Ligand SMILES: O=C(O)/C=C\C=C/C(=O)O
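Next up: just one chain, as structure tokens, the form solved without (2Z,4Z)-hexa-2,4-dienedioic acid.
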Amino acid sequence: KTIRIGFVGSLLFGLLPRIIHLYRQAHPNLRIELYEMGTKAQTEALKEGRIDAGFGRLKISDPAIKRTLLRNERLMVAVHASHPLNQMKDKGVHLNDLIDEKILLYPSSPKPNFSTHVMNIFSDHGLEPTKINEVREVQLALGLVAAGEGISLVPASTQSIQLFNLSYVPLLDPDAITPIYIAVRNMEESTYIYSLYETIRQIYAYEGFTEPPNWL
């Protein structure tokens, strides 16, 4: 009678909480254990049975795991209000506008992680940011930006964090995205997981995202 759900910390700023809340309303008799962990930990947790569902942001594929893309979330650039890039907030900027800026990557957790994903997007277009500095967590990066130490690339849902003189600029490159996946065991056929799928679908319909006909 216990569902165990793993999730990367960055998903706390997006739709995940309202998904869990709606899921809990339909399941008073179920025990919802929420675990914060990275995609690499979730994969091992799924096989072993430590979690039943995993929400992550990278696609490290595995025979025993069925991962489904929920959506591609936009990346944005966090800048100080006075930064030149903040003059291009309405229309947006491109990745190649960022290469001579002091870029704050995060987290400092084991790789692969969000900083590896960010650096991969740059390297996918032959872009080479020379002024790079890795810090521990998202709020540290935003704090440092607000204090005037650089810029940071962040998921759009990070706008949940509003700091004094911190502005978020849209990125125009189509592939300036960070995906969100739900991962379950390849064999999975539980009514709890399918109801979780249903809950996610229900909320994605409320927001009105573009989804295939066979999606979940």
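All residue numbers are counted from 1 along the displayed sequence. So that the term is clear: the rigid core is the largest set of C-alpha atoms that superpose within 1.5 Å between two forms. Residues that one form lacks are left out of the comparison.
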If you take the mean CA temperature factor per stretch, which one wins between 168-176 and 31-39? 31-39
Mean C-alpha temperature factor, higher of 206-214 and 1-9: 206-214
Chain third (lowest, middle, highest) by recorded CA B-factor, residue given as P155: lowest
Entry-reported Cα temperature factor of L58, expressed as the chain third it lands in: middle
Sort the modelled residues of this chain by their C-alpha B factor and say whether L196 lands in the lowest, middle or highest third. highest
Grab the CA temperature factor for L46 from the record and place it in the lowest, middle or highest third of its chain. highest
Among modelled residues of the same chain, the CA temperature factor third for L70: middle
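From this point on, the text means the form deposited with (2Z,4Z)-hexa-2,4-dienedioic acid bound, which you will not see here.
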Give me the residue from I65, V169, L58, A53 that has a heavy atom within 4.5 Å of (2Z,4Z)-hexa-2,4-dienedioic acid in the deposited complex. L58
Can you tell me if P107 lies within 4.5 angstroms of (2Z,4Z)-hexa-2,4-dienedioic acid in the deposited complex, counting non-hydrogen atoms only? yes
Should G38 be counted as a contact of (2Z,4Z)-hexa-2,4-dienedioic acid in the deposited complex, where contact means heavy atoms within 4.5 Å? yes
Hey, in the deposited complex, does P17 get a heavy atom within 4.5 angstroms of (2Z,4Z)-hexa-2,4-dienedioic acid? no
Can you tell me whether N113 touches (2Z,4Z)-hexa-2,4-dienedioic acid? I mean in the deposited complex, with a 4.5 angstroms heavy atom cut-off. yes
Go through 142-150, 99-107, 85-93, 126-134 and give me the stretch that gets within 4.5 Å of (2Z,4Z)-hexa-2,4-dienedioic acid in the deposited complex, heavy atoms only. 99-107
Does any residue in 1-25 get within 4.5 Å of (2Z,4Z)-hexa-2,4-dienedioic acid in the deposited complex, counting heavy atoms only, and if so which ones? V8, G9, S10
When the rigid core is used for the superposition, does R74 move between this form and the one not shown (threshold: C-alpha shift of 2 Å or more)? no
Rigid core superposed, please list the runs of 3+ consecutive shared residues whose C-alphas all move by 2 Å or more between this form and the one not shown. 89-92, 211-213
